[PDB]
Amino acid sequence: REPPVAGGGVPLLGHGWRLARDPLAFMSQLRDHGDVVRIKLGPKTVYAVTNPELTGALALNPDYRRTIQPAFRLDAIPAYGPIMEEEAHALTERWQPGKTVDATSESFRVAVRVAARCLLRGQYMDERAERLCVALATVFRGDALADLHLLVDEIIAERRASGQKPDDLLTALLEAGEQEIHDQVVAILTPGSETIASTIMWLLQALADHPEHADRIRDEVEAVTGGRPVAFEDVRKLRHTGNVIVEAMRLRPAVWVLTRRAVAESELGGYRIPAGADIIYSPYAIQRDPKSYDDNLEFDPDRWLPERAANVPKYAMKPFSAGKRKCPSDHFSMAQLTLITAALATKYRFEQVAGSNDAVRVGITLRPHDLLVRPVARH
């Protein structure tokens, strides 16, 4: 039993400084300092787990509301399918060749609408929800909140009329506290939207930077779909489309850090994690770690090919985690992302507008500072 090794920082806020200068770089660095190292954020110490084996142990160990399970299981997503198809193909018209797409603005919107319309059905939260959620997300980076609370309440009050078959979360949430619901709703929809949105931005970036897969995706879709606009059933066949998304998520994951708190004194990789300790780890660094991945920084959707897939460590690619603090929408996420990607790559070809700033901006989630793309007519 040995305590973790310290890294290298300054006076009042040791690692706090190297951390703020370049979060992403700091996290990828930690990796070599050892499987687990101790870093000081100002006065308090935190533990950093940088190994795929210990990070899995970290998420699967409970030492760090099934209500929600019935709305996100694989069985409740085939029912959301229509709204997913609907929202996707609607983007396909909404965007037209020649006009640049404002990724931040447009990705955030598709995100809110898919989430809100599948997880809630009826009186539309159309642009109102989007805007409130917009003004808010920007407050974080560097009259909306009220509306958000206003609308969340008002919307709940309307399903109270007739919400018979609504297998959505809202009805799942109404059959388990008065304000607890309003909060468990506001709490689930908020992150999930910004999260899927940031992911969409990187997908748009992938389709413009790699026309080869963009089209390969169009080929795979046309085969399966014939010509009919892609549908849920189709998504379960579009393999390549799925690989592109994973590969894009691996190199640029919306959630790049994760935290845990030790309840009981623990042991990890032969190291002693003090009871009540604050621990941290970066899916970002794990997914881009040379010891886990062959072509470490090479966009390659085909590394997820059976043969090479098995070459990569067990928990080295876990955009969502394993234990209960996992992502309920893992199925619901990939399902809408797959649909939107296939719908977009089939109809279009993407190109980045000169002046586009696809540089990563580290905030709540990782996202491109100012990605500008233009859909070009494919066939």
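Start at 1 and count along the sequence shown; that's the residue number.
The segment from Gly227 to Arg228 is modelled without interruption, since every residue of the deposited sequence in that interval carries coordinates. The modelled chain breaks after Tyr64 and resumes at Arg65, leaving 10 or more residues of the deposited sequence without coordinates. Look at the mean CA B-factor for 318-326 and for 54-62 in the entry; the higher one is 318-326. Of the two segments examined, 36-44 and 336-344, it is 36-44 that shows the higher average Cα temperature factor in the deposited entry. When the Cα B-factors of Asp209, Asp102, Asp126, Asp300 are read from the PDB record, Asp126 comes out highest. Listed residues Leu91, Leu251, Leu169, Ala115 were ranked by CA B-factor as deposited; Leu169 comes out on top. Among all modelled residues in this chain, the alpha-carbon of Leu19 has a temperature factor (C-alpha) in the lowest third.
Among all modelled residues in this chain, the alpha-carbon of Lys237 has a temperature factor (C-alpha) in the middle third. Among all modelled residues in its chain, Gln69 ranks in the highest third by Cα B-factor. When all modelled residues of the chain are sorted by CA temperature factor, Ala310 is found within the highest third.
Sorting the modelled residues of the chain by their CA temperature factor places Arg1 in the highest third.
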